[PDB]
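*Asks:* Dropping a structure here in structure tokens format, bear with me for questions.
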Amino acid sequence: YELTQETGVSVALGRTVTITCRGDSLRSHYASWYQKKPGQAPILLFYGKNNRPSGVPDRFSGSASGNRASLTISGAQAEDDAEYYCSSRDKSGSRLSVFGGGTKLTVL
Amino acid sequence: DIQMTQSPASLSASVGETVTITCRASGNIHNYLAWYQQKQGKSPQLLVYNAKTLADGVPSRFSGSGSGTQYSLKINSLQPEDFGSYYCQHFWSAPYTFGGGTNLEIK
Amino acid sequence: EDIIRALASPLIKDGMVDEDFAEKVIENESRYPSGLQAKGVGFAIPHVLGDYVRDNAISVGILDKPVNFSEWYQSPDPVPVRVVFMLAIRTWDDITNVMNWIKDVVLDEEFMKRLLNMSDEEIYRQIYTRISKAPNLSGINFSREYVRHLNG
Amino acid sequence: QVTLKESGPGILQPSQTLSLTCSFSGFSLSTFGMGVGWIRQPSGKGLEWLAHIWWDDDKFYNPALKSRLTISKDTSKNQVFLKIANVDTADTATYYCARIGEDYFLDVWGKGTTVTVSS
Amino acid sequence: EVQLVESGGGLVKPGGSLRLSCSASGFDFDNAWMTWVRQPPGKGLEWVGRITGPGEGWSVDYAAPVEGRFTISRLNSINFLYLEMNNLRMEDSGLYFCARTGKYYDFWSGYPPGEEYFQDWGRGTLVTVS
Ligand SMILES: *[C@@H]1O[C@H](CO)[C@@H](O)[C@H](O)[C@H]1NC(C)=O
């Protein structure tokens, strides 16, 4: 369990919350962030230091510093009610990948 | 290949006088040029390297300067031993060719 | 052809890359810009990482005057590049190790000021030393043939 | 003490190959940044670059002469060799072996072999 | 823009084996990096492994917990990849996803060997045990 992630968050409709990820590998590497719905393939929402993929809403983005990475969810809508995941390297300098536990974000 | 052209072909000076020798490149050779001097019947010795500083054992009475494509040697208080043949060697890009040299003689 | 033939010739002649390396590099450069601005001069790093690279080698060119081309970080602003590091590298881990090494080179401003004025023999010796001195990059083929001044 | 000594033939006949051997000494030729080379001086003339050996076995020749010559290294017993084919009377000259230093350094400038060519 | 479709999941008795398959379309499959990730019900995404391209020589990297029980290979001529699993246990059950990955590196602020992202995911195929 290389990447630590929170169980979930209650989000008021249209509000801003932050989903964080912590670990040691994050001191040198960035985390990639994903959004997943039950029954659906997950989609990449954010990666690197500042890169929003095409094909996604431009509502929000992530960042990283220290030993923590995060995705800001902003103006969260009902369609953003999803499992969120973060992934990065297992150890600084290694070539293997890991994902965090998965957080449930629910929009009221 | 970048060539060196020396000038004048010959110099004439008295012992104790100051003279200069000029060499210029056919291209930009930055700071890599060396000056050599030959006594009759002997191999030449190094005077100046990296187009500017003196080699170990070389007298303080002379030096040189320049940049880019053109450099010169300046020798003060010429001593009888300073009269001889001078050569400019190009180092920016191999082969390390020489200009034809100049000939300094006593008035 | 900014630097692409001048610095690709020895990679092709000595068998480091396939003969159509230059064309593959040009198309990938368009998609993935090579320019990068340092506090001093631009340092560019063209690369592909395809299977047409036969062995790993670094071709380094120094330009008489800067060449203006787009930035690595997706910006139309041209970068006045004076030094170019064409990387004939087969895979990802090897190229990241080289780019990390190049960053140490890029940040050495005294080195770059000298580099712009170094002869091919001097350029070879200082780069050669840096590649082999580093704990990384073992296996990269670097020689005098990969050191060049680019006219204009 | 670094010094260069030389040996070769006195009189060579036109069209024959000239063999000049330079005895290298005082440091290893394998030393990083170092090398040796040859400079020619026909009597009454200035200096001409002839040939060059680097510590890494790179080699240079004067392009005007190059088609006739090869230069080689053998670190066993410090030997430097220069071989020039098809030598003419026009090639009568003093042939000097000079030590090259890191970042360019011609200094030793060993005494020259005198080579003459005649019938 | 692209498609990636998994198949071959099914029920395996503990100690048994199976092979999963996945087709791909709309992209360069020769210089592609492909990975597998699995999600047991009630769990998050577990990375299983990655197969690299011909530039490196088709090496495969595995998560330590699956090393030695998994093998990955692919046929570029049909845009298709395969993976074999052996000696299955209850912890191997889950939805197996195939994904197309990319590479990321920041020249000024990164660190080798960079980072990765999973750009395009398929639906996944379900593997169960006992
Ligand atoms: C790039 O350099 C060329 C040199 O001829 C110049 O004409 C051109 O305007 C420059 N372009 C930009 C965008 O600076």
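Each chain in the structure tokens gets a letter, A, B and so on, in the order shown; residues start at 1 in every chain, and ligands are counted from 1 in the order they appear.
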Got a sec to pull out which chain B residues are within 7 Å of chain C, counting only C-alpha atoms, and send them as a list in words?
*Replies:*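 Contact residues on the first chain: residues 30, 92 and 93 of chain B.
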*Asks:* Go ahead and write the residues just picked, C-alpha atoms, as a JSON list (two decimals), in the first residue's frame.
*Replies:*
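Contents of again.json, freshly written:
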```
[["chain", "number", "residue", "atom", "x", "y", "z"],
["B", 30, "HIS", "CA", 38.32, 31.63, -31.20],
["B", 92, "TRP", "CA", 40.41, 25.27, -33.82],
["B", 93, "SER", "CA", 39.92, 22.40, -36.26]]
```
*Asks:* Grab me every residue within 9 Å of ligand 1, counting only C-alpha atoms and all ligand atoms, and send it over as a list in words.
*Replies:*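 If we count only C-alpha atoms and all ligand atoms, the neighbours of ligand 1 turn out to be residues 66, 67, 68, 69, 76, 77, 78, 79 and 80 of chain C.
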*Asks:* For the selection just defined, write its residues with N, CA and C atoms to a file, as a PDB file, in the first residue's frame.
*Replies:*
```pdb
ATOM      1  N   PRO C  66      22.062  31.131 -33.084  1.00  0.00           N
ATOM      2  CA  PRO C  66      20.950  30.347 -32.627  1.00  0.00           C
ATOM      3  C   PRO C  66      19.958  30.037 -33.705  1.00  0.00           C
ATOM      4  N   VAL C  67      19.334  28.883 -33.552  1.00  0.00           N
ATOM      5  CA  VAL C  67      18.266  28.465 -34.439  1.00  0.00           C
ATOM      6  C   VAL C  67      16.972  28.592 -33.634  1.00  0.00           C
ATOM      7  N   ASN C  68      15.953  29.253 -34.223  1.00  0.00           N
ATOM      8  CA  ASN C  68      14.658  29.544 -33.603  1.00  0.00           C
ATOM      9  C   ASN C  68      13.592  28.481 -33.935  1.00  0.00           C
ATOM     10  N   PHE C  69      13.195  27.668 -32.916  1.00  0.00           N
ATOM     11  CA  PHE C  69      12.164  26.600 -33.035  1.00  0.00           C
ATOM     12  C   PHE C  69      11.367  26.434 -31.748  1.00  0.00           C
ATOM     13  N   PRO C  76       4.589  28.135 -28.594  1.00  0.00           N
ATOM     14  CA  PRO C  76       4.924  28.655 -29.903  1.00  0.00           C
ATOM     15  C   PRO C  76       6.115  29.591 -29.870  1.00  0.00           C
ATOM     16  N   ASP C  77       6.464  30.095 -28.687  1.00  0.00           N
ATOM     17  CA  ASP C  77       7.575  31.012 -28.598  1.00  0.00           C
ATOM     18  C   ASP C  77       8.839  30.272 -29.026  1.00  0.00           C
ATOM     19  N   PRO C  78       9.553  30.706 -30.071  1.00  0.00           N
ATOM     20  CA  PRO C  78      10.750  30.063 -30.534  1.00  0.00           C
ATOM     21  C   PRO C  78      11.816  30.146 -29.470  1.00  0.00           C
ATOM     22  N   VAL C  79      12.654  29.138 -29.414  1.00  0.00           N
ATOM     23  CA  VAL C  79      13.761  29.102 -28.507  1.00  0.00           C
ATOM     24  C   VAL C  79      15.044  29.261 -29.316  1.00  0.00           C
ATOM     25  N   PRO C  80      15.908  30.237 -29.019  1.00  0.00           N
ATOM     26  CA  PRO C  80      17.174  30.505 -29.680  1.00  0.00           C
ATOM     27  C   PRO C  80      18.227  29.500 -29.226  1.00  0.00           C
TER      28      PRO C  80
END
```
*Asks:* Given only C-alpha atoms, how would the per-residue table for stretch 89-121 of chain E near stretch 24-40 of chain A read, listing every residue at most 10 Å away with its closest atom pair and distance in Å to one decimal, sorted by chain and number, as a tab-separated table?
*Replies:*
```
residue	atom	partner	partner_atom	distance
E:104	CA	A:30	CA	9.2
E:105	CA	A:29	CA	9.3
E:106	CA	A:29	CA	9.9
E:109	CA	A:28	CA	8.6
E:110	CA	A:28	CA	6.7
E:111	CA	A:28	CA	6.1
E:112	CA	A:29	CA	8.9
E:113	CA	A:29	CA	9.3
E:114	CA	A:29	CA	7.0
E:115	CA	A:29	CA	6.4
E:116	CA	A:32	CA	7.3
E:117	CA	A:32	CA	5.8
E:118	CA	A:32	CA	8.1
E:119	CA	A:34	CA	9.7
E:121	CA	A:40	CA	9.5
```
*Asks:* Identify all chain C residues at most 10 Å from chain E by counting only C-alpha atoms; ligands do not count. Present them as JSON, numbers by chain.
*Replies:* {"C": [36, 38, 45, 48, 49, 50, 51, 52, 53, 54, 72, 73, 89, 90, 91, 92, 93, 94, 95, 96, 97, 98, 99, 100, 101, 102, 103, 104, 106, 107]}
*Asks:* At a cut-off of 12 Å, using only C-alpha atoms, what residues contact residue A:101? Leave out same-chain residues fewer than 2 positions from it and give the result as an MDAnalysis selection string.
*Replies:* (chainID A and resid 1:8 20:22 83:87 98:99 103:104) or (chainID E and resid 39 42:47)
*Asks:* Counting only C-alpha atoms, collect the residues of chain D whose closest atom lies at most 7 Å from chain B, and write them out as an MDAnalysis selection string.
*Replies:* chainID D and resid 46:49 60:62 106:107 109:111
*Asks:* Would you mind writing down, as a ChimeraX atom specification, each residue of stretch 8-72 of chain C that DSSP on the backbone assigns to helix (DSSP H, G or I)?
*Replies:* /C:9-13,21-31
*Asks:* Taking only C-alpha atoms into account and nothing else, which residues of chain A lie no more than 12 Å away from chain C? Please answer as a PyMOL selection string.
*Replies:* chain A and resi 49-51+93-95
*Asks:* Restricting the calculation to only C-alpha atoms, which member of E:36, E:62, E:29, E:80 is positioned closest to chain A?
*Replies:*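 Of E:36, E:62, E:29, E:80, the one nearest chain A, counting only C-alpha atoms, is E:62.
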*Asks:* In Å, rounded to a single decimal, give me how far atom CA of residue B:2 is from atom CA of residue D:72.
*Replies:*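 Between these atoms lies a distance of 25.3 Å.
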*Asks:* Taking only C-alpha atoms into account, which of D:95, D:52, D:7, D:74 comes nearest residue D:116?
*Replies:*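 Looking only at the distances to residue D:116, the closest residue turns out to be D:95.
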*Asks:* Using backbone DSSP assignments, extract all strand (DSSP E) residues from chain A; output them as a ChimeraX atom specification.
*Replies:* /A:4-5,8-11,17-22,32-36,43-46,62-65,68-73,82-89,97-99,103-107
